[PDB]
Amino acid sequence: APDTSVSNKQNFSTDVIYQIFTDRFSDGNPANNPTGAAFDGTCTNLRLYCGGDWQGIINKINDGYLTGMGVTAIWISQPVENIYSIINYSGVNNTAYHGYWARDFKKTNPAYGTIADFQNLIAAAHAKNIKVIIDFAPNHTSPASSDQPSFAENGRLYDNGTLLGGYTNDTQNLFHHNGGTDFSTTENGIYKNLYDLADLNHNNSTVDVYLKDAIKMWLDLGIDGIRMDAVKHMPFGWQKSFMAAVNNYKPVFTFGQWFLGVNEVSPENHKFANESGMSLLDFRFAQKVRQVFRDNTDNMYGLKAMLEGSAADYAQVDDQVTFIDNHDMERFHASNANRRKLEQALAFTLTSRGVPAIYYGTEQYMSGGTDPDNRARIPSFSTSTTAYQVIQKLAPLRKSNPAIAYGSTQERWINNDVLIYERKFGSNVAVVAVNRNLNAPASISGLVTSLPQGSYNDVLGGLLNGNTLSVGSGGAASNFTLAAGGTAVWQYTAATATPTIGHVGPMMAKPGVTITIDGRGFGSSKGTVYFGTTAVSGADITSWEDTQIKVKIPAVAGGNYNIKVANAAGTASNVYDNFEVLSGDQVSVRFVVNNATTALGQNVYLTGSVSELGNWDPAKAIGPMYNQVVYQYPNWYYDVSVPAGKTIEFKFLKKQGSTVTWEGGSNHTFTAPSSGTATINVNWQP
């Protein structure tokens, strides 16, 4: 199959995701609607169920609404059974219409549908070349009160109907009892409750095993990807182990929700996207886009800096899920704003690197403030809006033009208000011009591109006041006027002669697992795949075609490897780096070191005899470790993904910058569990 196929669960870069708030999209089966105080068929009361369900999505898939727009993937509300309680918050009734208050990760939310309905949804979507991503929120269950078990459902966790336990009388320690977070530190936000949400204890073997088994159920149902809720709120090491469970079973494109505020650039966030085994929702991109096109708090230079910085910061920038708004922020379009702002932001997003996600109703100019105002029922299914047409014209380019899906990004022309950028991949090019100034045109002269000589019609057809481009030899464009609020797209596509890797997924797994290498120019005959210096050819290459290769990871030692391919003729491709070969199946283990004193700015890290611990390389050590919540300084702790059942030697380090202080004495040793979790507690050796 080609890279663009709906069957490709490892790569969404050629797709356009449509984020559906299930309850607010389409009620295709009124018979499953909740009732009484929990329901509002008119959807006036935005905190109650409105009736939107899976049957509704199926209908919209079948009637051309989504397909006509060029949408090729949907991200739906968490499908698992949520609490049925109607919570009264300061005199206001609240329900689980949003799907984020889970009670049983092994059952469906009856309001959305039955398991059968889910299967039908998967089937209907696939039939229309639409991939299905489910939201998944393993950070917590639901609202709870320890000293008020009568409140809500006490955050009770069920296993396919079987009660595991609740927040109250949590003798099992299924949950964290560390209070609530103020978001003051990453550690604080991980080990304390988000609001009043019962925080699941990922260090508890039952919880750990249960969650991994639960996801497996969904994978078996045929999902194509996962949107992980609150990834900044769960132990990173645990999440890595979770991603390993997924990848070592049935890998699917996974992206996490890690909020970034205006102007926030987080190295920790970069590291997570780079080493967790999952990518992230691109808040950096979204926030910058809002500043530039919506709020006027930054200009094109800021947009350019975000593009350049992000491309360097994220090992796989093409895996970051971009967006302009979502259910947790005010809608992009302000009721009184010029619609062109929204249209441009959309055009920008659709033609930029990563994986674009469109919040349902954006195309209908929905406006709305903070939750729940940003979750109204979609008011229309009109294909006639300018925004709908913008998506319709641009979304498909992700499939037809690999420069858009996998290309580099280069600024070609810029000023406060104008940005002209170029996407390039193989013999494919796309040039996008955006003039955010709604009142002033710009005179574009000196524009140089990689486009072949000739005249280029705006892909947008002048929809956003774009114009035709005239390119001479050398790629120089003739002078032109970029209209006020103008947005234009010019492209060129052709067969690529040389093997070129545009994407690899998953990026982390154990030997034997099949990975997908996508791109162009691979040729039709089986070639060679390289993992670092190791060559793979023949049988282990399951399938090979011009745009896609399926190959089993060789039994190399755990570590980080650069991927490269060569066609049957021996011509090598570019290198796709950062591939992580795991040492085997993973388990989440908590490491605790006592009496490790440090000076301000100096932190404790973990190192050891397996690639998962950085193979004794301080530059690859695990940390910095925590020392506030679960354990207190001078004691430090950290949850780490390690190879199951392996005997591992390790030591702790004290690092300040790249300066390292090693624990004295001999290495510590332990044998990782075969399944579930474990806690290894030792003392710092001077």
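Numbering starts at 1 and runs along the sequence shown.
The stretch with the higher mean CA B factor, choosing between 598-606 and 556-564, is 598-606.
The mean C-alpha temperature factor is higher for 79-87 when 79-87 and 255-263 are set side by side. Per the PDB record, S145 has a higher Cα B-factor than any other of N435, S352, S145, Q389.
Within the listed group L221, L307, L194, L582, the record reports its top CA B-factor for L194. In the deposited entry, the Cα temperature factor of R331 places it in the middle third of its chain's modelled residues.
Among all modelled residues in its chain, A672 ranks in the highest third by Cα B-factor.
Per the PDB record, residue ranking by Cα B-factor puts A619 in the middle third of the chain.
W662: CA B factor lies in the highest third for its chain, per the PDB record. For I17, the recorded CA B-factor ranks within the lowest third of the chain. Only modelled residues enter the ranking.
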